[PDB]
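Participant: This one's a deposited entry, sequence included:
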Amino acid sequence: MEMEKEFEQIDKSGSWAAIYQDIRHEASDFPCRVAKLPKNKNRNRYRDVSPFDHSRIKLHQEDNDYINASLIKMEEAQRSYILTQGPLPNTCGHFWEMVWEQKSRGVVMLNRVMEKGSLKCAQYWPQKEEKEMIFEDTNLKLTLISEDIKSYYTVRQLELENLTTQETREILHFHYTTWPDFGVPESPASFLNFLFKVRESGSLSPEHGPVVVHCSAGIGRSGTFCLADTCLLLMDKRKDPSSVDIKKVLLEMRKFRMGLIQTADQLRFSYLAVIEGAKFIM
Ligand SMILES: [Mg+2]
């Protein structure tokens, strides 16, 4: 693979930091005026990125439509993703409101609730079938339906009920539980298997609203998930798979939200994931 030739070249000359820095320099800058309004201060996770105004998800509410979430719309790949922050103690209702309004089928969580001895997001889903969650502010009920714990990820079936209409939807919660506290995984194998499990569920498919993806504040992961998924899809779609340039795809995604890949090591890992994923697929 041409991408693998490039990978080996970057590795040999040790230019990951340089490549990464060039992408950072070239990355889009758009306003986040709404995110920065004083009334939204408590809706933003500290140390997390802000959503661009142009691509932010709006809650269907008259009072305050703000949530820290962005729609990444990949035109050529025909994939969309919503990237959002880990829910805060006071934005869990907003989070599930977004899932409801956007008709998402899946939520992809790429962090543990506690990492490095610190809380990374609110416990925003119920942990026991018999202890459902009611979000009074957005009038939603959330029930754990089933939970399947595997070595590298957990998948949960949740039932989300709009208490206003009594309509219910099944949401799949895909929780990658083994991303290390520091650095990146040594091998992309489990992360790729996880992505394939999300794909197989239909959560990324066009019949549903965009998958909602989140991780921990300011440290990426979510971008790697979407970047890998889109690159692999494009390799299956294009007449010339070798023309798929991860840097170009990343820059395209970066038009929709900042902080997709946060370190040079994450950039390297993303290459590694696409390379290994491509070998598995084609
Ligand atoms: Mg029990």
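Facilitator: Thanks, I have the structure now. Numbers count the residues shown, from 1 in each chain.
Participant: excluding its backbone neighbours, what's nearest residue 101?
Facilitator: residue 60 (5.1 Å; C-beta to C-beta, 6 or more residues apart in numbering). (Each C-beta comes from the backbone N, C-alpha and C, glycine too.)
Participant: typo on my end, it should be residue 109
Facilitator: In space, residue 109 is closest to residue 175, 4.6 Å off (C-beta to C-beta, 6+ apart).
Participant: what about that neighbour, which SS state?
Facilitator: strand (DSSP: H, G, I helix; E, B strand; the rest coil).
Participant: At which residues are the strands of the stretch 51-200 of the chain located?
Facilitator: 56-58, 66-74, 79-84, 106-109, 114-115, 118-119, 133-135, 140-149, 153-162, 167-176 (DSSP state E, counting those that start in this stretch).
Participant: can you list contacts of the fifth one?
Facilitator: In other words, strand 114-115. 120, 181, 216 (C-beta atoms under 8 Å, 6 or more residues apart in numbering).
Participant: returning to what we had before: what are the bridge partners for the residue nearest to residue 109, then?
Facilitator: Per DSSP bridges, the residues bridged to residue 175 are residue 109, residue 154.
Participant: Compute the distance between it and residue 124, please.
Facilitator: According to C-beta to C-beta, to the nearest Å, residue 175 stands 11 Å off from residue 124.
Participant: The two: which has the busier surroundings?
Facilitator: residue 124 (22 against 19; other C-beta atoms under 10 Å).
Participant: Contact partners for that one?
Facilitator: 87, 92, 95, 96, 133.
Participant: can we see that at 6 Å?
Facilitator: 87, 92 (C-beta atoms under 6 Å, 6 or more residues apart in numbering).
Participant: Give me the three-state assignment for residue 273.
Facilitator: Once three-state DSSP is applied, residue 273 turns out helix.
Participant: Pretty sure it sits against residue 228.
Facilitator: Yes. With contact defined as C-beta atoms under 6 Å, residue 273 reaches residue 228; the gap is 4.5 Å.
Participant: Nothing else from me, thank you.
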